[PDB]
Amino acid sequence: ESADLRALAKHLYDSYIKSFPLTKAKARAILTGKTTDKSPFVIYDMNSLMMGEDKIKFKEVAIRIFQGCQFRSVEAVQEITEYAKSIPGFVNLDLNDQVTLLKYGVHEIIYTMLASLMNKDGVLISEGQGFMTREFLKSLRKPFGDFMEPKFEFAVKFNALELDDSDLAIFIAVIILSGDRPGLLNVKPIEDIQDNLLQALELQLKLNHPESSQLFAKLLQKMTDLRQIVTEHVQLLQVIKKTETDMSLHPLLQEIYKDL
């Protein structure tokens, strides 16, 4: 019934607000630049970057940028995990499957939510206090030069859909609840939760975007751009593992990255 799927959609939005401090709505207000209490400090070159420390608080620069981004990914994993425990039925699944849904799910969600902090020209960083331009990131010595560019390409297309946070909460939930992840023990309880989430997302998209024909279908088709960003990223990390042997990865990230 419609009334249960609306109840689930409100629940997920509520947990979303509670688990993710930097929503898309706040991100959009900051990027607009018309609601100007305090807009971001903009990093766009080597001189603004070191000047961008005595204003906001945060070994080569490209390395230290890469470090900060991985540190934010760690924080994101912590946030996504907290959000996942709130999806009804997630904590009642086999523990091994919980770890499996999270292991394959978190990077797809990171790139979905990172899009909320992007426009075509750059990305919000440091909880909205800073803004690093796309051109500066593209100018880092390779292999760090082409690091962020594929996420910018995805974000441009994804943001054309104009989802709001209430939409993303259900979409994020659908991504976690994928029964086709390698190593799952009991696919059926996962699939039955996802099917109910898909129903909620369908009704939510229809009510929140009535003039957006087939938005449900087009949102589900984005689920493959996501898969592709991930695979290229982990190949990018294998290059750096051998190129920079004096550069350490966070163990929570290492544990997630499990070849094949």
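Going by Swiss-Prot, the residues shown for chain A are 235-292, 303-504, listed in order.
Cβ atoms are placed via backbone N, Cα and C, with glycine included.
According to Swiss-Prot, the features are:
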CROSSLNK  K252  ubiquitin cross-link
BINDING   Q314, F315, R316, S317, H351, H477, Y501  rosiglitazone binding site
MOTIF     495-503  motif '9aaTAD'
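Structure coloured by features recorded in Swiss-Prot.
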residue: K252; record: ubiquitin cross-link; Cβ contacts under 8 Å, 6 or more apart: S330
residue: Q314; record: rosiglitazone binding site; Cβ contacts under 8 Å, 6 or more apart: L493, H494, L497
residue: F315; record: rosiglitazone binding site; Cβ contacts under 8 Å, 6 or more apart: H494
residue: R316; record: rosiglitazone binding site; Cβ contacts under 8 Å, 6 or more apart: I369
residue: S317; record: rosiglitazone binding site; Cβ contacts under 8 Å, 6 or more apart: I354, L497
residue: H351; record: rosiglitazone binding site; Cβ contacts under 8 Å, 6 or more apart: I473, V474, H477, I500
residue: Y501; record: rosiglitazone binding site; Cβ contacts under 8 Å, 6 or more apart: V478, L481
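Nonlocal intrachain contacts for the motif '9aaTAD' (495-503), taken as residues 6+ away from its ends with a CB within less than 8 angstroms of a stretch CB, comprise 314, 317-318, 321, 347, 350-351, 478, 481. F315 (rosiglitazone binding site) falls within a helix when secondary structure is assigned with DSSP.
A gap of 10 residues interrupts the model between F292 and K303, whose Cα atoms are 15 Å apart. Cβ neighbour count for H477 (rosiglitazone binding site): 16 (other Cβ atoms within 10 Å of its Cβ, all protein chains included). Residue counts for the motif '9aaTAD' (495-503) under DSSP (helix as H, G, I; strand as E, B; rest coil) come to 6 helix, 0 strand, 3 coil.
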